[PDB]
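S.K.: This is the structure, below, for whatever I ask next.
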Amino acid sequence: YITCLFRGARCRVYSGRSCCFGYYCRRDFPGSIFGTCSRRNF
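The entry's author numbering applies: residue 1 is where the sequence shown begins, and numbers increase by one.
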């Protein structure tokens, strides 16, 4: 249960802990409150 948000999970803007290392949380569309975790870009 104790872990970070990994790829394939839901996450909102005002969610709790941030996403895992190398992964952030993006929104769904212009004017949304919830989104999903995606892999970073390099």
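Even for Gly, the Cβ is constructed at its ideal location relative to N, Cα and C.
1. So, for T36: in the same chain, excluding its five sequence neighbours on each side, which residues have a beta-carbon less than 8 Å away from its beta-carbon?
2. Within its chain, find whatever has a CB closer than 6 Å to the CB of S38; leave out the 5 residues flanking it on each side and keep chain order.
3. What first and last residue would you give for the beta strand (DSSP E) that runs through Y14?
4. Straight-line CA distance for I33 to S15?
M.R.: Based on what the coordinates show:
1. Residue 36 sits at position 36 when you count from the first residue of the sequence shown. Closer than 8 Å at Cβ, skipping near neighbours: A9, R10, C11, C25, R26 and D28.
2. As a position in the sequence shown, residue 38 is number 38, starting the count at 1. Excluding sequence neighbours, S38 sits near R26.
3. If you number the sequence shown from 1, residue 14 lands on position 14. Unbroken run through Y14: none, as it is neither H nor E.
4. Counted from its first residue, the sequence shown places residue 33 at position 33. Counted from its first residue, the sequence shown places residue 15 at position 15. Going by the C-alpha atoms only, they are around 10 Å apart.
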